[PDB]
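Read through the structure below, which is laid out as structure tokens, and then see the notes.
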Amino acid sequence: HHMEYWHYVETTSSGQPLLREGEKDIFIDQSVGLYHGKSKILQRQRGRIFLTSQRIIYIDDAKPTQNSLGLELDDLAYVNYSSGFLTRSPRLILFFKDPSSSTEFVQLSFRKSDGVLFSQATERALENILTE
Amino acid sequence: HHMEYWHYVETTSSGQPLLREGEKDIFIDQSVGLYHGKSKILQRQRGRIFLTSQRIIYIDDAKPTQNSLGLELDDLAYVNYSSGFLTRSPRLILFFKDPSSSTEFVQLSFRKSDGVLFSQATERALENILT
Amino acid sequence: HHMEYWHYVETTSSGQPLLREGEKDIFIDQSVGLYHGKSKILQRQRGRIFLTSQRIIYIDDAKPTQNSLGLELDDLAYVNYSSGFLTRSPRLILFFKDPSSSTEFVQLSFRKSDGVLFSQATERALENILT
Amino acid sequence: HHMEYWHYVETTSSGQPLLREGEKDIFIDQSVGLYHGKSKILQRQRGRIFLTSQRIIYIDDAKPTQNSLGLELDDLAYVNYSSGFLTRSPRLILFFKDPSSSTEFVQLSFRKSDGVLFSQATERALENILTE
């Protein structure tokens, strides 16, 4: 289940995430869907994606105050961009430090952008945490 | 930087590695080279690669008692096979649980086989450890 | 759009394809599905895949005398194996010499094998035609 | 040999390509190296790359009037972007309509950019020719 790694995120009525003390937004993209391993996360297929200094946050388009999710950058070891040759959309693949299985990873799927600026910003934000 | 993750492996002159208490031989392949991230590990470009129940072990062809190295399966998180379209040889990429940088990962490069059987065995060996 | 590139293949009721003058059986794999570009070919999702000296032939499991198709090796330019990290199954991707669009290419999807032996045989069969 | 597919291109002293009647530049990138199949093209490792309505053109940094090369878009069937996971630089892979072997293809290697805008423009320019 994807909830071992993802946590619930509160938002305003308008779909703005409520961020932690000193947590700052770095980048945002639109119309992103989530995967857990190779499978779509049902009902989390169209949202805005936010990168912060601490987290990747998915804000559900349809029900932002219910279906929004967060992932800690501190739980990640690598991110890898995949450009959409076999997949309909380009994908950003997130690798965890401590997966329960190699089947457990996340993907962000970009339906209205190539996802390149988001992925580049995420690579940098991850590297800042890793190198410390 | 590769020595953060790999350890020295004692062998014999004929290239037989010293295994641990209860550590079992699973699969071996020949003429493998090692990468650390995108770069070749310089003195480790032609060796046998050995999968055990606990480790991946590189046994150097030219200098086995000196240049042989081991990696704990317990330090890995994911594995990915790449078939060699843009690389001279197929590659098995290994991702650490705890990399100091996301530029640090392992590749095994298969110069005289396709590396499929070795990669499949490693997938299974790693999954046994994770689960 | 896939019917620009694939042709109808006559079989028998037991799923044996009608081969041409001097056309020889090279390799077969089971439980394969077909793609045209990124999309599944709808009635061609479970069949045997057959490499001959001249063609790749899909023999449909459910309706072999109706839904079986052939592709000329002479219409291909490149082949690429993808190991199935993000796809449920490994894929063999085939690139046409003369695509109407660069969105048009073939995939074979291997549901009950890794497709390596079939892919390796196809690489060789295609190279024989090209050279 | 890479010269079955590539042709000589004339330039000005300053390294500006001399274009055909009605041929127009679409995009340019810098610090690109060439591959023929998996191997570097020696001495064609640092140049500007130009996309035109008809061609991809490599302008050699060191000797532009001698070592510049052109490829016809009409000789291509596909282009594929590869994002630099195993390769030091991202790559744009060019597939020919009529290779003599599957070992014969070209790569553009991007040493000072991610090559994304160039690759996107090339995909579009190719598609215009293919669809006719």
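Residue numbers (PDB author numbering), protein chains in the order written: chain A, -1 to 99, 252 to 282; chain B, -1 to 99, 252 to 281; chain B', -1 to 99, 252 to 281; chain A', -1 to 99, 252 to 282. A prime marks a further copy of an entry chain.
Positions of the beta carbon are idealized from the N, C-alpha and C atoms, including for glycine.
Any C-beta of chain B under 8 angstroms from that of residue i
i: residue 36 of chain A'; result: yes
i: residue 281 of chain A; result: yes
i: residue 72 of chain A; result: no
i: residue 92 of chain A'; result: no
Min CB distance residue i to chain A' below 8 angstroms
i: residue 65 of chain A; result: no
i: residue 261 of chain B; result: no
i: residue 42 of chain B; result: no
i: residue 25 of chain B'; result: no
Contact set between residue i and chain A', taken where Cβ atoms lie within less than 8 angstroms
i: residue 77 of chain B'; result: 252
i: residue 266 of chain A; result: 264 and 266
i: residue 276 of chain B'; result: 252
Contact under 8 angstroms by Cβ, residue i with residue j
i: residue 66 of chain A; j: residue 256 of chain A; result: no
i: residue 68 of chain A'; j: residue 58 of chain A'; result: no
i: residue 55 of chain A'; j: residue 97 of chain A'; result: no
i: residue 84 of chain A'; j: residue 80 of chain B; result: yes
i: residue 264 of chain B'; j: residue 266 of chain B; result: yes
i: residue 90 of chain B'; j: residue 74 of chain B'; result: no
i: residue 258 of chain B; j: residue 32 of chain B; result: yes
i: residue 268 of chain B; j: residue 3 of chain B; result: no
i: residue -1 of chain B; j: residue 34 of chain B; result: yes
Test: residue i CB closer than 8 angstroms to a CB of chain B'
i: residue 81 of chain B; result: yes
i: residue 58 of chain B; result: no
Interface residues of chain A facing residue i [CB-CB closer than 9 angstroms]
i: residue 53 of chain B'; result: Simply none; closest approach about 24 angstroms.
Residue of the options minimising C-alpha distance to residue i
i: residue 261 of chain B'; options: B':13, B':14 and B':30; result: B':30
i: residue 86 of chain A'; options: B:10, B:17, B:2 and B:37; result: B:37
i: residue 13 of chain B; options: B:91, B:63 and B:271; result: B:63
i: residue 282 of chain B'; options: B':264, B':70 and B':269; result: Residue 282 of chain B' lies beyond the residue range present for chain B', which begins at -1 and ends at 281; the question has no answer from this structure.
i: residue 1 of chain B; options: B:268, B:275 and B:254; result: B:254
i: residue 9 of chain A; options: A:276, A:43, A:82 and A:61; result: A:61
i: residue 275 of chain A'; options: A':43, A':35 and A':21; result: A':21
i: residue 282 of chain A; options: A:11, A:270, A:72 and A:88; result: A:72
Any C-beta of chain A under 8 angstroms from that of residue i
i: residue 97 of chain B; result: yes
i: residue 84 of chain B'; result: yes
Amino acids of chain A', ordered along the chain, whose beta-carbon sits closer than 7 angstroms to that of residue i
i: residue 89 of chain B; result: 84
Contacts that residue i makes with chain B' (C-beta to C-beta distance below 8 angstroms)
i: residue 255 of chain A'; result: 76
Taking three-plus beta-carbon pairs below 8 angstroms as touching, is the region 47 to 62 of chain A' in contact with the region 17 to 27 of chain A'?
-> yes
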